[PDB]
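Asker: Structure file entry.pdb (PDB, C-alpha atoms) right here:
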```pdb
ATOM      1  CA  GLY A   1       7.079  16.652   3.336  1.00  0.00           C
ATOM      2  CA  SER A   2      10.546  15.783   2.089  1.00  0.00           C
ATOM      3  CA  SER A   3      14.114  17.026   2.309  1.00  0.00           C
ATOM      4  CA  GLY A   4      16.452  14.518   3.912  1.00  0.00           C
ATOM      5  CA  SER A   5      18.297  12.782   1.100  1.00  0.00           C
ATOM      6  CA  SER A   6      19.490   9.806   3.113  1.00  0.00           C
ATOM      7  CA  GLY A   7      16.618   7.721   4.427  1.00  0.00           C
ATOM      8  CA  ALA A   8      14.246   5.974   2.052  1.00  0.00           C
ATOM      9  CA  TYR A   9      12.780   3.113   4.051  1.00  0.00           C
ATOM     10  CA  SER A  10      12.361   5.659   6.821  1.00  0.00           C
ATOM     11  CA  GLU A  11       9.202   6.695   5.013  1.00  0.00           C
ATOM     12  CA  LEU A  12       7.596   3.344   5.727  1.00  0.00           C
ATOM     13  CA  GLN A  13       8.080   4.033   9.417  1.00  0.00           C
ATOM     14  CA  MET A  14       6.428   7.427   9.125  1.00  0.00           C
ATOM     15  CA  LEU A  15       4.542   7.252   5.849  1.00  0.00           C
ATOM     16  CA  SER A  16       2.318  10.089   4.697  1.00  0.00           C
ATOM     17  CA  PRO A  17      -1.372  10.724   5.406  1.00  0.00           C
ATOM     18  CA  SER A  18      -2.214   9.614   1.887  1.00  0.00           C
ATOM     19  CA  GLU A  19      -0.075   6.498   2.088  1.00  0.00           C
ATOM     20  CA  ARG A  20      -1.081   5.624   5.631  1.00  0.00           C
ATOM     21  CA  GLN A  21      -4.765   5.730   4.769  1.00  0.00           C
ATOM     22  CA  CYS A  22      -4.124   3.800   1.576  1.00  0.00           C
ATOM     23  CA  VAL A  23      -2.367   1.021   3.452  1.00  0.00           C
ATOM     24  CA  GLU A  24      -4.526   1.096   6.561  1.00  0.00           C
ATOM     25  CA  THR A  25      -7.608   1.266   4.369  1.00  0.00           C
ATOM     26  CA  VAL A  26      -6.802  -1.907   2.469  1.00  0.00           C
ATOM     27  CA  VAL A  27      -5.126  -3.364   5.535  1.00  0.00           C
ATOM     28  CA  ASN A  28      -8.564  -2.960   7.066  1.00  0.00           C
ATOM     29  CA  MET A  29     -10.309  -4.416   4.040  1.00  0.00           C
ATOM     30  CA  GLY A  30      -8.458  -7.596   4.924  1.00  0.00           C
ATOM     31  CA  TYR A  31      -5.025  -7.386   3.343  1.00  0.00           C
ATOM     32  CA  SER A  32      -1.352  -7.408   4.256  1.00  0.00           C
ATOM     33  CA  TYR A  33       0.860  -4.403   4.893  1.00  0.00           C
ATOM     34  CA  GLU A  34       3.979  -5.496   3.047  1.00  0.00           C
ATOM     35  CA  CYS A  35       2.033  -6.490  -0.043  1.00  0.00           C
ATOM     36  CA  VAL A  36      -0.266  -3.484   0.038  1.00  0.00           C
ATOM     37  CA  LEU A  37       2.811  -1.389   0.727  1.00  0.00           C
ATOM     38  CA  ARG A  38       4.604  -2.665  -2.353  1.00  0.00           C
ATOM     39  CA  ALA A  39       1.434  -2.555  -4.417  1.00  0.00           C
ATOM     40  CA  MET A  40       1.025   1.036  -3.293  1.00  0.00           C
ATOM     41  CA  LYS A  41       4.528   1.834  -4.483  1.00  0.00           C
ATOM     42  CA  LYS A  42       3.735  -0.208  -7.570  1.00  0.00           C
ATOM     43  CA  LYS A  43       0.327   1.079  -8.600  1.00  0.00           C
ATOM     44  CA  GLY A  44       0.993   4.288  -6.707  1.00  0.00           C
ATOM     45  CA  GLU A  45      -1.990   6.141  -5.295  1.00  0.00           C
ATOM     46  CA  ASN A  46      -5.216   4.414  -6.261  1.00  0.00           C
ATOM     47  CA  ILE A  47      -6.944   1.866  -4.060  1.00  0.00           C
ATOM     48  CA  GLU A  48      -8.694   0.441  -7.098  1.00  0.00           C
ATOM     49  CA  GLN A  49      -5.353  -0.063  -8.804  1.00  0.00           C
ATOM     50  CA  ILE A  50      -3.743  -1.421  -5.659  1.00  0.00           C
ATOM     51  CA  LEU A  51      -6.752  -3.709  -5.478  1.00  0.00           C
ATOM     52  CA  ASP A  52      -6.382  -4.825  -9.076  1.00  0.00           C
ATOM     53  CA  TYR A  53      -2.747  -5.632  -8.400  1.00  0.00           C
ATOM     54  CA  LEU A  54      -3.444  -7.090  -4.978  1.00  0.00           C
ATOM     55  CA  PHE A  55      -6.044  -9.523  -6.262  1.00  0.00           C
ATOM     56  CA  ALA A  56      -3.447 -10.809  -8.697  1.00  0.00           C
ATOM     57  CA  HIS A  57      -1.340 -12.020  -5.795  1.00  0.00           C
ATOM     58  CA  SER A  58      -4.252 -12.525  -3.431  1.00  0.00           C
ATOM     59  CA  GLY A  59      -6.716 -15.346  -3.977  1.00  0.00           C
ATOM     60  CA  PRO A  60     -10.185 -15.156  -5.540  1.00  0.00           C
ATOM     61  CA  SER A  61     -12.604 -14.794  -2.652  1.00  0.00           C
ATOM     62  CA  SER A  62     -15.476 -12.365  -3.077  1.00  0.00           C
ATOM     63  CA  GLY A  63     -16.914 -11.729   0.366  1.00  0.00           C
TER      64      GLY A  63
END
```
Rewrite the structure from the file as structure tokens, please.
Answerer:
Amino acid sequence: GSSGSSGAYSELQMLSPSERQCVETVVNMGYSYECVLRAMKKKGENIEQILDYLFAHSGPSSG
């Protein structure tokens, strides 16, 4: 799912099924979209990772 050269941020608008779930997932866990988004593009594809990175920014609150 890619071809159009021009249009990067466009993805955000219509992310993929793997990215959407990633975001949504965490977003559901009780996180932000922007952060998660970045984290996702930072850590890539790996909730755990995104979580590890997220926590960093996020505050320590288990439960």
Asker: Selection in question (the file shown): the PyMOL selection byres ((chain A and resi 39-55) around 10). Which residues does it include, as number ranges by chain?
Answerer: A: 18-19, 21-23, 25-26, 31-38, 56-61
Asker: Enter the distance from atom CA of residue A:29 to atom CA of residue A:11, in Å, rounded to one decimal.
Answerer: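 We find that atom CA of residue A:29 and atom CA of residue A:11 lie 22.5 Å from each other.
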Asker: Tell me, in Å to one decimal, how far atom CA of residue A:12 is from atom CA of residue A:28.
Answerer: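 Here the two named atoms are 17.4 Å from each other.
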Asker: Find the distance between atom CA of residue A:10 and atom CA of residue A:24 and write it in Å to one decimal.
Answerer: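 Those two atoms sit 17.5 Å apart.
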Asker: Which centre and edge lengths in Å to one decimal define the box along x, y and z that fits every listed atom of stretch 40-49 of chain A plus 3 Å per side, as lines of an AutoDock Vina configuration file?
Answerer:
```
center_x = -2.1
center_y = 3.0
center_z = -6.0
size_x = 19.2
size_y = 12.3
size_z = 11.5
```
Asker: Could you list, as number ranges by chain, every residue within 12 Å of residue A:2, counting all atoms listed in the file and ignoring same-chain residues fewer than 3 positions away?
Answerer: A: 5-8, 10-11, 14-16
